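As structure tokens, the structure follows; a few thoughts come after it.
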Amino acid sequence: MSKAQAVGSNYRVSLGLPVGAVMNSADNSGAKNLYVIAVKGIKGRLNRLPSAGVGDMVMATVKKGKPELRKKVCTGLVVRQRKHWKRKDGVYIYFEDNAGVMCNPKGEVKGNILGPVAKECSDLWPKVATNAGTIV
Amino acid sequence: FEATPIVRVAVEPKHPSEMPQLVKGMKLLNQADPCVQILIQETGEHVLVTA
Amino acid sequence: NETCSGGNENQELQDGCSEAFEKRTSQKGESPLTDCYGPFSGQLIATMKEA
Amino acid sequence: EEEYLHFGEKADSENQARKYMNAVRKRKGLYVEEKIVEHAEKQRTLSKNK
Amino acid sequence: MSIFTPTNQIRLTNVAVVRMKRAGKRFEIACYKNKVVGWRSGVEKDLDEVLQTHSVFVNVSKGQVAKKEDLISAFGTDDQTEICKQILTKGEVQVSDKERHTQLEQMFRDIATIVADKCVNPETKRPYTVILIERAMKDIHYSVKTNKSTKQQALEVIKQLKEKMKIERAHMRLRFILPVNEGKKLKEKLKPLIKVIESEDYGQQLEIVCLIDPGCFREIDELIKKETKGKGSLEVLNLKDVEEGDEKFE
Amino acid sequence: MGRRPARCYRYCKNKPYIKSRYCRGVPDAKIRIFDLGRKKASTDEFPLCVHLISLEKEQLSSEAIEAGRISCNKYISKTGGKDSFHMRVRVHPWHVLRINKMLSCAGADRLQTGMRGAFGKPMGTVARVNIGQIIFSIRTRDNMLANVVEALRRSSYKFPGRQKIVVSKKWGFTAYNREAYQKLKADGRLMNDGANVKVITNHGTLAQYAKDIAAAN
RNA sequence: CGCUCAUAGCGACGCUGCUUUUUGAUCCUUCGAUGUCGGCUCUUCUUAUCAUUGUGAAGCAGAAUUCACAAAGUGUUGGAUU
RNA sequence: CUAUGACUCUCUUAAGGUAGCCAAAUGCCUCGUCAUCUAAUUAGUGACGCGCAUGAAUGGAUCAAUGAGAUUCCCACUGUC
RNA sequence: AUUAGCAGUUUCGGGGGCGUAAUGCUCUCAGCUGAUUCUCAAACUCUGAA
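Chains as they are written, first to last, in full-length UniProt numbering: chain A, 1 to 136; chain B, 612 to 662; chain C, 918 to 968; chain D, 1071 to 1120; chain E, 1 to 250; chain F, 1 to 217.
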């Protein structure tokens, strides 16, 4: 799932961390944390984490949030990777700290996206682009 | 009026507090479609009447 | 502890409910005494179904 | 269970057309009462010589 | 090897033990978890088909065979045919997982089938709703134990059904035979306690008072009315619990 | 078989063990019924005979035999009327197969009930044959023959080894051909006993047909 | 069995096989000692091909499956529990 | 027997597991059942407990303080990966 | 050890139309007995292997 990239996949993979990394929910829904289970499309090989997306969809969970949203897996969307990258451009976007949002399995983000969102992510997921006034 | 007379099913709901919920819904179902067994009990209120 | 069935007779034992008691008390003409004897009422009810 | 010692067959005495009763008969505005048969005092005194 | 010796323990455990504790001595048989069960509930296949070993041990695990003499002492028989059969029929089996599951299911069915008498009808009846009883059993989080009998479990579950909440149910029709003038008094007394219908008043004849009493505390109830009355009398019953009357909230 | 795949009971070996006053756990054979069709039908009314015969000495199982019979059972409406049908097998599984069981089936090593005292409980009942002994026979009228051979054909698959089908020149279950088995009726010196025949007794009997006449009725 | 229809797809009762990836039977080699089990690591290998490619079937309209062949060239994962 | 077995009756080898406690470091069946803890738990912990084969100075039950003690769970400075 | 029909029967077993149930007629079953056939037996053999 979902899947819709992009055109392209907005080029190479970069992560803040793979499996077992907290990033904030950045969402009006009362998920307060997002912890990764795994990432979609990772086919992977012998001993290698299923590694965080640059703006791609993930199997996640609400570890600390609303108890209703707590437990039960959730497809999400990575929004900003603390750990850095170069783009086809020659810039190195880098962030304060990791972040994403909990989302629908057609990609759609629920409420409104908080804070700054890398443009690649927006490009990937049109709903994301729609539901924010910050796309930097 | 019914195209084919009498199509029914004696279903039952799930979880204890939502037993009258079904009944309540069937009051709204009446509004929607002309036939449902909510008014006048012949086969009990947990039964559909359709064509 | 009955030698035989009845209704006409009694030993202050068993049951046998009828329409006579609720309508207008004792039964005369059609029988000497009202039915308060023979197999008890519940049993009677059961047995009809069975046969 | 006394009558099931004769053994009604699984196809012909339990048809798919003849299962309209386990989950197709909970219908009562008027009537659908089925009582448990036989009554004779207690569970020890019901049948002793019988 | 060196110092490093492939032991891998005595002989593999991989079959149903059937532990029979006769003459204070354990005798056991190589069978299978399912096969024994099958045998003991009707499916009488062959004696050495249900038994992977048609002989008797004293410790199936440790690989020890019993003395003929012991058998003779215990069972009064030498031939392994009879002894084996006995062991199969009346010794402690090890069920599988499948068998365990089946047992559990059976228990579940018989704490809704026994509770079908005291069933959970919705707002109106719709009198049976046995499916809904079954459903309700695990919605409360109940230990459907296969150790205890069904009846006991039924008793337990109704108490919980009270704190579901949807009230305890257990009503029948007690037809009390009451002679002389104290019958009337008794009737008067018990009218607030339980329901009174199909009544009659007689000084020279018995009174057929039909009440709607508790069924799962019925005997006790019966005991404490006669005493109140003073004189000895007869109070007939149905079976245990019946769904002739109302079982919606009652 | 059930405990075995019939590959260890393919070939004749060891002397005959049977359902005896020495064995006793011996199971009942898989068929105790050996005829199929009109057994009332006469020796004379049916004059057509086909056999089934092995070419190699092999131990046919009772189950196998049963299976074989219930081809020819079902090839009967396909044939055309059970009325025009006889069968008799003519090989009864008298002999019994031994099975020392391997107590280990999911694990556990004997060397104690291993191969010591390792003598079979009888399980398996079976019939021996040779290089031409009959294993099915069919009496019938001369209508069905391509039908019966097809039934046999089915039967052939249900049996181990290379079989063979021969049409006897007899009238089916009789020691006379047809050239002979008209002369008996024609000359009228036959004597009948239902499904069998008898024949009058001159070189059959002599000391008891010396001063006798009741022996020409 | 499969609406129909034995073999599209299965296939009862029955028979013939392969296999040495189960375990037993065995005790030929080693008790003047081959370092026992597992997991990490890593190559190579076999096909009884899961994907892949090229194909043939179907009860294959499509998507989705199911069955067969050629074919081992390349791929065949991250955890929780033990 | 609605029944966990209070209670009665009997048999041996005298007594017949009381109060407690438990799939415990004690429970084979066994990954016991129900519950929680987890995205997922043969792990832990609460409960249940006709307990293979628990149990009262063979000492039973609990528990502050302590422990290079055994187990788990969470925060815990992220080259173990 | 063990299969198959056939024959004489059975008021000596049982049930049908007739007849006293019938075992009498006309059908099937049960048992006995007589004539034949199937297959056969390491711990069987009338017979017999250099």
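Note that the Cβ used here is the ideal one computed from N, Cα and C, for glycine as well.
Taken atom to atom, the span from the alpha-carbon of residue 183/E to that of residue 205/E is near 10 Å.
Those residues of the stretch 138 to 169 of chain E placed with their C-beta closer than 8 Å to a C-beta in chain B are 139, 164 and 166, ordered along the chain. Using a Cβ-Cβ cut-off of 7 Å, residue 181/E is close to nothing in chain C; its nearest Cβ partner there is about 13 Å away. At least 9 Å separates the CB of residue 642/B from every CB of chain D. When secondary structure is reduced to three states using DSSP, residue 101/E falls in the helix class. A direct Cα-to-Cα measurement between residue 1111/D and residue 234/E gives close to 10 Å. Along the stretch 9 to 39 of chain E, going in chain order, the ones with a CB nearer than 7 Å to a CB of chain F are 11, 12, 14, 15 and 30. Residues of chain F with a Cβ closer than 9 Å to the Cβ of residue 79/E do not exist; the shortest Cβ-Cβ separation is about 12 Å.
Closest by C-alpha distance to residue 70/F, out of 188/F, 6/F, 159/F and 192/F, is 159/F.
In the three-state reduction of the DSSP assignment, residue 641/B falls in the helix class. Counted as a single uninterrupted DSSP element, the beta strand (DSSP E) harbouring residue 168/F occupies residues 163 to 168. Cβ proximity to chain C below 8 Å picks out 1105, 1107, 1108, 1109 and 1110 from the stretch 1094 to 1110 of chain D.
Boundaries of the beta strand (DSSP E) harbouring residue 35/A: 33 to 39, taken from the DSSP string. DSSP, reduced to helix, strand and coil, places residue 11/A outside both helices and strands of the structure shown, so it counts as coil. Residue 99/A carries a strand assignment under DSSP once its states are collapsed to helix, strand and coil. Per DSSP, reduced to three states, the secondary structure at residue 92/A is strand. Taking the C-beta atoms as reference points, residue 139/F is found nearer than 9 Å to residue 86/F. Between the C-alpha atoms of residue 162/E and residue 53/E there is a straight-line separation of about 52 Å.
For residue 945/C, there are no neighbours in chain D by C-beta distance under 9 Å, as the nearest C-beta there is about 30 Å away. Put simply, of 62/E, 40/E and 13/E the residue whose alpha carbon is nearest the alpha carbon of residue 26/E is 62/E. In the assembly as shown, residue 1109/D is a buried residue. Its beta-carbon has 16 or more other beta-carbons within 10 Å. Straight-line measurement puts the Cα of residue 174/E at about 21 Å from the Cα of residue 951/C. One Cα belongs to residue 2/A, the other to residue 73/A, and the distance between them is close to 15 Å.
Of the candidates 239/E, 178/E, 238/E and 17/E, the residue whose Cα lies closest to the Cα of residue 227/E is 178/E.
Scanning its chain for C-beta atoms nearer than 6 Å, with the 5 sequence neighbours on each side dropped, one finds around residue 82/A the residues 16, 95, 97 and 98, in chain order. When DSSP assignments are scanned along the stretch 21 to 88 of chain F, the uninterrupted stretches of alpha helix (DSSP H) that are 4 or more residues long and fall wholly within it turn out to be 62 to 72. Contact of residue 657/B with chain D by beta-carbon distance below 8 Å involves 1096. Contact of residue 955/C with chain E is not assigned, every C-beta pair being separated by 9 Å or more.
Excluding residues up to 5 positions away in sequence, 55, 56, 57 and 58 lie with their Cβ nearer than 8 Å to the Cβ of residue 65/E in the same chain. Three or more pairs of CB atoms, one per stretch, sit closer than 8 Å, so the stretch 926 to 934 of chain C contacts the stretch 947 to 966 of chain C.
Taking every protein chain shown into account, the CB of residue 119/F has fewer than 16 other CB atoms within 10 angstroms, so this residue is exposed. The beta carbon of residue 48/E sits closer than 9 Å to some beta carbon of chain F. Residue-level contact check: residue 131/E touches chain B, since one or more beta carbons of chain B fall below 9 Å from its beta carbon. Spatial neighbours of residue 16/E in its own chain (CB-CB distance under 7 Å, excluding positions within 5 residues in sequence) are listed in chain order as 31, 32, 33, 36, 93 and 94. For residue 623/B, the closest C-alpha among the options 1113/D, 1096/D, 1116/D and 1105/D is that of 1096/D.
Against residue 236/E, the close residues of chain D are 1111, in the order they occur along the chain (beta-carbon pairs closer than 7 Å).
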